[PDB]
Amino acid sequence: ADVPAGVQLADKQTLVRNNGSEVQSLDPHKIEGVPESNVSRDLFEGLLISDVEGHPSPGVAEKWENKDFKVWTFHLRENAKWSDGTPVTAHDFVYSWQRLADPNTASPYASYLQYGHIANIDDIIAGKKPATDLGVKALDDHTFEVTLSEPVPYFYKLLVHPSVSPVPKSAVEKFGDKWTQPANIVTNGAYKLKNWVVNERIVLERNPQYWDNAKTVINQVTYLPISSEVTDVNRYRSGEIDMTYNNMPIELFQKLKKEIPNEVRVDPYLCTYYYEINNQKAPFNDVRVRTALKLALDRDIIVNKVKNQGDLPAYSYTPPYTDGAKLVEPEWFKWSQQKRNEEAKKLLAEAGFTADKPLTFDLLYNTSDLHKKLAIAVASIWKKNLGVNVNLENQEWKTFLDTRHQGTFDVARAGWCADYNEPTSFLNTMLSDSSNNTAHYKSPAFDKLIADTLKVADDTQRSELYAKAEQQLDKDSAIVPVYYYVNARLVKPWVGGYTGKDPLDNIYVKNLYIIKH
């Protein structure tokens, strides 16, 4: 933290945070969500980290440089160490990025290295070359060099993501899958793992060996996994939680914004809520059926009348306020809802679906009070505007994410938040061979547009291409956009350091501090 001279610190520096769900894992190469990332950032530190304002800043690397935006050189700091006293060196990064790229790790973020365009990554992912050929190298103990096959000006912004955090080669090799148990884990972030009770709590304690330990204030942070937004808010109102998870129930949002207006933080967030369509499963592999679902959803009712929290109606995947985005609002979004419904009905009828023999499908969502409530409202709007019948289905967080990767679903609720602020953080997930492509969308026209964005000379031609890629995704109706998220949660008066101006919400518990109360 950076405590403001003139602030009284409480005597007990402990903090309880709700994390929304039980994480998939603590291994940084096996995770893909917001819950997983929240805890990861406190435990593992990569090259760069985000400041308190969300901008990229020195993490294990104290400074860095590039030649032609193609060769990136990181100068690591000499005092960087692990939780057992050993040092953090450039050899740890060479080994971690190689394990991320290796197909035997099966990371859902193995394509993150394709998004930074590291030399030989495509052949390594396809098993044609081994992971030791990856374009990374330790020039010395404190010098980590990266070779890209194409110029990537924003390469350094990708490095705050947890998938490119280092892992400890001695523990992984000795304990394999059991390396993350609290008995065997070695970490390099401000915290280390004290306890992990499945479905109950994850407790973390200050890491004496962290290079910036002098400025850490909190000594113990507890991460809860409560997926019910009502239970979370009622464990906060009644004192037991300090920072809720950032999903607010529809039931009590209203009352708390004037019952306790100063505890309700509402800020901009680079995330989009959407209904993902499995594009390869019949009859959803027909563009007419996908288009009808997209047009018949009434975003004004969902957003301004059922949710009512300040989210904005969405017409794209990439949020329009992302850095570098200049998107065109599509024709269908400008029409009246009644015209969208008659156009949607015509499309379904031409695809063989009518009243009397209607489209029926399963809608998968992850357990939650908010997603259930929205899922019931969307189902009734679709029933009313198109005559479709949807069967609701709920799965716990980690099973839900695995079902979408396996493609054993029809339509799913989904949410995607940026990893770095630039439109490819969203668009690269729709590339035909991406490991994050859970829509199972495959378009050679889309892939080429994105491939061309690294070959153009400037940022203005790049932004035009990004706009045309969103128009390609929209024309194919790969997903059904619903709203651009607002970051909304409860933050107790004593918690200090949460500004809320970071649109990625990359929060570090080492930047926080408890005030006397």
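C-alpha atoms forming the largest set that superposes within 1.5 Å between two forms make up the rigid core. Note that residue numbering begins at 1 and tracks the sequence as displayed.
Averaged over structures and residues, the CA distance from the shown form in 9 other deposited structures of this protein after a core fit is larger for 279-287, of the two stretches 279-287 and 307-315.
Root mean square Cα distance to the shown form, taken over structures and residues in 9 other deposited structures of this protein after a core fit, is higher for 451-459 when 451-459 and 47-55 are compared. Comparing 142-150 with 108-116, the stretch with the higher mean C-alpha B-factor in the PDB entry is 142-150. Just going by the entry, 409-417 versus 373-381 on mean CA temperature factor gives the higher value to 373-381.
Across the residues 431, 256, 295, 100, the deposited record lists the maximum Cα B factor for 256. In the PDB entry, the Cα temperature factor peaks, among 475, 29, 63, 455, at 63. Ranked against the other modelled residues of its chain, the C-alpha B-factor of residue 211 as given in the entry falls in the highest third.
Among all modelled residues in its chain, residue 39 ranks in the middle third by Cα B-factor. When the modelled residues of the chain are ordered by C-alpha B-factor, residue 189 sits in the middle third.
Residue 299: CA B factor lies in the middle third for its chain, per the PDB record. In the deposited entry, the Cα temperature factor of residue 225 sits in the middle third of values across the chain's modelled residues.
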